[PDB]
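This report refers to the structure that appears directly beneath it.
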Amino acid sequence: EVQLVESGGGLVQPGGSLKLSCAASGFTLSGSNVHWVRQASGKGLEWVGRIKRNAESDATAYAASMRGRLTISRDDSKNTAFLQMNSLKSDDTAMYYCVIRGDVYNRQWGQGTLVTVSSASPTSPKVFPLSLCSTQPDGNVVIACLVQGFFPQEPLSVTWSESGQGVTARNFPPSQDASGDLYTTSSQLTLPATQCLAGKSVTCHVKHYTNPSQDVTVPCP
Amino acid sequence: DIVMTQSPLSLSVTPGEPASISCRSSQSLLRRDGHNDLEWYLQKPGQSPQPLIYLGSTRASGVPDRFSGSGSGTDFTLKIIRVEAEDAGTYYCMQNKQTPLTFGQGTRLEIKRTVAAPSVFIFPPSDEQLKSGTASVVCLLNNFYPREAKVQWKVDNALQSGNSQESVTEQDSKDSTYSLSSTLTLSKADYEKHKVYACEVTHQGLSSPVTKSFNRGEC
Ligand SMILES: [Cl-]
Ligand SMILES: [Cl-]
Ligand SMILES: [Cl-]
Ligand SMILES: [Cl-]
Ligand SMILES: [Cl-]
Numbered sequence: 006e007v008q009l010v011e012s013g014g015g016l017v018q019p020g021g022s023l024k025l026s027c028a029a030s031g032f033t034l035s036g037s038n039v040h041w042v043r044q045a046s047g048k049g050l051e052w053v054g055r056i057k058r059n060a061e062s063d064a065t066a067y068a069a070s071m072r073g074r075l076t077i078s079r080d081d082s083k084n085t086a087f088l089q090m091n092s093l094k095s096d097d098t099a100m101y102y103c104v105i106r107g108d109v110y111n112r113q114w115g116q117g118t119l120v121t122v123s124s125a126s127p128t129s130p131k132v133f134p135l136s137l138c139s140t141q142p143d144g145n146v147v148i149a150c151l152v153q154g155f156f157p158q159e160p161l162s163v164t165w166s167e168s169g170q171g172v173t174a175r176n177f178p179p180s181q182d183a184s185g186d187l188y189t190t191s192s193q194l195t196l197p198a199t200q201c202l203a204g205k206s207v208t209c210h211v212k213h214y215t216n217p218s219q220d221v222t223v224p225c226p
Numbered sequence: 005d006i007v008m009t010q011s012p013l014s015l016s017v018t019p020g021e022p023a024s025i026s027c028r029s030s031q032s033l034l035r036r037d038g039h040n041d042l043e044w045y046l047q048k049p050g051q052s053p054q055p056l057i058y059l060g061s062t063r064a065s066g067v068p069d070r071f072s073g074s075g076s077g078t079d080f081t082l083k084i085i086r087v088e089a090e091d092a093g094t095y096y097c098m099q100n101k102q103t104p105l106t107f108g109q110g111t112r113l114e115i116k117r118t119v120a121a122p123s124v125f126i127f128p129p130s131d132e133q134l135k136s137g138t139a140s141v142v143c144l145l146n147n148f149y150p151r152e153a154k155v156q157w158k159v160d161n162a163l164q165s166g167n168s169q170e171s172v173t174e175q176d177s178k179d180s181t182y183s184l185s186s187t188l189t190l191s192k193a194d195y196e197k198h199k200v201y202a203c204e205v206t207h208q209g210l211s212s213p214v215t216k217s218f219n220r221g222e223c
């Protein structure tokens, strides 16, 4: 598949520096001007800067609010462009995207990477199997996993070992804990009762940040 | 900088019916070639914006025929002629006449449907969590519409605040309902001092509140 792949994000101390990479996969970046755009959680899209093609001497331009703290560069030999940020502040926390412009052959956005400017270390979720204590719905069984106390809030995803006809997984966005600065959510699975009998279990698989994923067994009632 | 503005900021449309979104620019985006330096995107939560239309009216690769862009100069319109469930998300217009590239505020399209009252499910803290010193009680709401829903937590009939959190799913692909997860988090010490844990739900569709409860140690 053809796409733009970003890397180099994650946690960074206030005042720290971080270099994001935007690597073309399945197309050639050389023909494009490369732009960077960011989006704070729940907010809009804001341009960060660009670099022109080598034909135009790789000219750079930066957003007013970050001008003195950015260097955009490109390495066509690696089919990659870079966003070097320096002297980072809390208000630079956002999901950063790269975007190509100017090449009639290719139009692509990167998948985005979250940059979190914080003095905190990352915290892996604490994942627990849940058992319903109220009544099961007619014909079906509900089980869930609690995904508690993680940071940063993304990337986070949950998948279950059962899917298909009559099976619905519900995944709720992270929300901030009422105290303590971490995030929590849950994942729910609803499946035909006959598919979740006593003696059967189902697993929830939880991915977070750039650390190893977790697999938790959830007993059927 | 060029200011982009959209209207409305939200809309609700039933499947098969048309949606339109207006976009205005503070400078004309008209090009010498008769096209306009104006692009539309659809963004789903957490995902990169997807190009729908560029040059004012050119439909991007693989974009369905139901999406159309029109307008000229300072005034543009995105039309979705027959809305489908998969079209829910936030739509942005954007100018590329100059840097800085600037975007409109975002218009959230959701899928209209009839009222559906939530079903409610309560889960006590897991034994494994309790041993680590924390107790989370979880209340899940499923299959409701519209999106507004109220959860109240009670512990021995005392209303709780400052110790819970919630989040809401996007609409279900098949029935366009929402789901919600509310979590009440106490210390293990506080949790074991109390008996009756209850989550009370109210909603447009509920003629009476639904309260799901348990007595600590009875699950
Ligand atoms: Cl953010
Ligand atoms: Cl684009
Ligand atoms: Cl355009
Ligand atoms: Cl179509
Ligand atoms: Cl109705």
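If you read the protein sequences in the order shown, they are chains E and H.
So the first sequence is numbered by our numbering: it starts at 6 and just counts up by one.
So the second sequence is numbered by our numbering: it starts at 5 and just counts up by one.
Every residue gets a Cβ at the ideal spot worked out from N, C-alpha and C, and that includes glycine.
Residues that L144 (chain H) contacts on chain E, provided the C-beta gap is smaller than 8 Å: Counting from one through the second sequence, the residue named residue 144 (chain H) turns up at place 140. Those are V147, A149, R175, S191 and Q193, listed as they occur along chain E.
Label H40 (chain E) either buried or exposed according to how many other C-beta atoms from any shown protein chain fall within 10 Å of its C-beta, with 16 as the threshold for buried. The residue labelled residue 40 (chain E) in the question sits at position 35 within the first sequence. Residue burial is scored here from C-beta neighbours: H40 (chain E) has at least 16 other C-beta atoms within 10 angstroms and is therefore classed as buried.
Any C-beta of chain E within less than 7 Å: which residues of the segment 201 to 223 of chain H qualify? So the list reads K216, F218 and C223, given in the order they occur along the chain.
Minimum length 3: unbroken beta strand (DSSP E) runs contained in the segment 194 to 223 of chain E: Uninterrupted beta strand (DSSP E) stretches at least 3 residues long and entirely within the segment 194 to 223 of chain E occur at 206 to 213, given in chain order.
List, in chain order, every chain E residue whose beta-carbon is nearer than 9 Å to that of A121 (chain H). Within the second sequence, residue 121 (chain H) is the residue found at index 117, counting from 1. Within chain E, not a single residue places a beta-carbon under 9 Å from that of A121 (chain H); the smallest gap is close to 13 Å.
Residue of H:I25, H:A139 and H:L163 minimising C-alpha distance to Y195 (chain H): The residue labelled residue 195 (chain H) in the question sits at position 191 within the second sequence. Nearest of H:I25, H:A139 and H:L163 to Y195 (chain H), Cα basis: H:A139.
According to the neighbour-count rule (16 or more other Cβ atoms, all chains shown, within 10 Å of its Cβ), is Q170 (chain E) buried or exposed? Within the first sequence, the letter at position 165 stands for residue 170 (chain E). Its Cβ having fewer than 16 others within 10 Å, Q170 (chain E) is exposed.
Could you tell me if the beta carbon of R112 (chain E) falls within a distance shorter than 7 Å of some heavy atom in ligand 2? Against the first sequence, residue 112 (chain E) aligns to sequence position 107. Under cutoff, so the answer is yes.
Between which two residues does the beta strand (DSSP E) carrying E61 (chain E) extend? The sequence position of residue 61 (chain E) within the first sequence is 56, counting from 1. Element bounds for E61 (chain E): n/a, residue is neither H nor E.
Which first and last residues belong to the alpha helix (DSSP H) in which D131 (chain H) is found? Reading the second sequence from its first residue, position 127 is the one you call residue 131 (chain H). Where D131 (chain H) is concerned, the enclosing alpha helix (DSSP H) stretches over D131 to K135.
Alpha carbon to alpha carbon, how far is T173 (chain H) from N176 (chain E)? Looking up residue 173 (chain H) in the second sequence gives position 169. Looking up residue 176 (chain E) in the first sequence gives position 171. C-alpha separation (whole angstroms): 7 Å.
Starting from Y182 (chain H), follow its DSSP beta bridges and name the residues at the other end. Mapped onto the second sequence, residue 182 (chain H) falls at position 178. Looking at the DSSP assignment, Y182 (chain H) forms a beta bridge with H:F148.
Listed in chain order, which residues of the segment 51 to 80 of chain H have Cβ atoms closer than 9 Å to some Cβ of chain E? Cβ contacts with chain E come from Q51, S52, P53, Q54, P55, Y58, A64 and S65.
Relative to the C-alpha of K154 (chain H), which residue among H:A162, H:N161 and H:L184 is closest? Counted from its first residue, the second sequence places residue 154 (chain H) at position 150. Taking only the C-alpha atoms, the option nearest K154 (chain H) is H:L184.
Which runs of the beta strand (DSSP E) at least 3 residues long sit entirely within the segment 163 to 197 of chain E? Give them in chain order. Entirely contained in the segment 163 to 197 of chain E, the beta strand (DSSP E) runs reaching 3 residues are, in chain order, 173 to 176 and 188 to 197.
I'd like to know if the segment 127 to 145 of chain E and the segment 155 to 169 of chain E are in contact, where contact means that at least 3 CB-CB pairs between them fall below 8 Å. Counting C-beta pairs with one atom in each stretch, the segment 127 to 145 of chain E and the segment 155 to 169 of chain E have three or more that are closer than 8 Å, which means they touch.
Would you mind stating whether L50 (chain E) and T121 (chain E) have Cβ atoms separated by less than 8 Å? Indexing the first sequence from 1 puts residue 50 (chain E) at position 45. Indexing the first sequence from 1 puts residue 121 (chain E) at position 116. Taking 8 Å as the Cβ cut-off, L50 (chain E) and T121 (chain E) do not qualify as a contacting pair.
Say the cut is 7 Å; is the CB of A121 (chain H) nearer than that to a heavy atom of ligand 1? Here residue 121 (chain H) is taken as the residue at index 117 of the second sequence, counted from 1. It does not: the Cβ of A121 (chain H) is nowhere closer than 7 Å to a heavy atom of ligand 1.
heavy atom of ligand 2 below 7 Å from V109 (chain E) C-beta: The count along the first sequence starts at 1 and reaches residue 109 (chain E) at position 104. No, the beta carbon of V109 (chain E) sits no closer than 7 Å to any heavy atom of ligand 2.
Work out the CA separation of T78 (chain H) and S30 (chain H) for me, nearest whole Å. Counting from 1 along the second sequence, the entry for residue 30 (chain H) is found at position 26. Counting from 1 along the second sequence, the entry for residue 78 (chain H) is found at position 74. Approximately 7 Å, taken between the alpha carbons.
Quick one: residues with CB closer than 5 Å to any heavy atom of ligand 4, in chain order, please. In chain order, the qualifying residues are H:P68, H:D69 and H:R70.
Can you find a CB in chain H that lies within less than 8 Å of the CB of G13 (chain E)? Your numbering for residue 13 (chain E) matches position 8 in the first sequence. Not flagged as an interface residue toward chain H: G13 (chain E), since no C-beta distance is shorter than 8 Å.
What's the C-alpha gap between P104 (chain H) and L15 (chain H)? As a working note, residue 104 (chain H) is residue 100 in the second sequence. As a working note, residue 15 (chain H) is residue 11 in the second sequence. Computed Cα separation, rounded: 28 Å.
Determine whether the beta carbon atoms of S72 (chain H) and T190 (chain E) lie at a separation below 8 Å. Translated into the one-based positions of the second sequence, residue 72 (chain H) becomes position 68. Translated into the one-based positions of the first sequence, residue 190 (chain E) becomes position 185. Against a cut-off of 8 Å, the Cβ pair of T190 (chain E) and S72 (chain H) comes out as no contact.
Would you say the beta carbon of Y58 (chain H) is closer than 7 Å to some non-hydrogen atom of ligand 3? Residue mapping note: residue 58 (chain H) aligns to position 54 of the second sequence, counting from 1. Relative to the non-hydrogen atoms of ligand 3, the Cβ of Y58 (chain H) comes within a distance shorter than 7 Å of at least one.
Check whether the segment 9 to 29 of chain E and the segment 110 to 124 of chain E are in contact - that is, three or more C-beta pairs closer than 8 Å. Counting C-beta pairs with one atom in each stretch, the segment 9 to 29 of chain E and the segment 110 to 124 of chain E have three or more that are closer than 8 Å, which means they touch.
Can you tell which of H:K158, H:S186 and H:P12 has its C-alpha closest to the C-alpha of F80 (chain H)? What you label residue 80 (chain H) is simply residue 76 of the second sequence in a count that begins at 1. The residue with the shortest Cα to Cα distance from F80 (chain H) is H:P12.
Would you tell me roughly how many angstroms separate the C-alpha atoms of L202 (chain E) and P226 (chain E), rounded to the nearest one? Position 197 of the first sequence, counted from the start, is the residue given in the question as residue 202 (chain E). Position 221 of the first sequence, counted from the start, is the residue given in the question as residue 226 (chain E). Going by the C-alpha atoms only, they are around 7 Å apart.
Looking only at its chain, what residues have a beta carbon closer than 6 Å to the beta carbon of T111 (chain H), apart from the 5 residues adjacent to it on each side? Walking along the second sequence from the start, residue 111 (chain H) turns up at place 107. Contacts found: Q10, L13, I25 and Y95.
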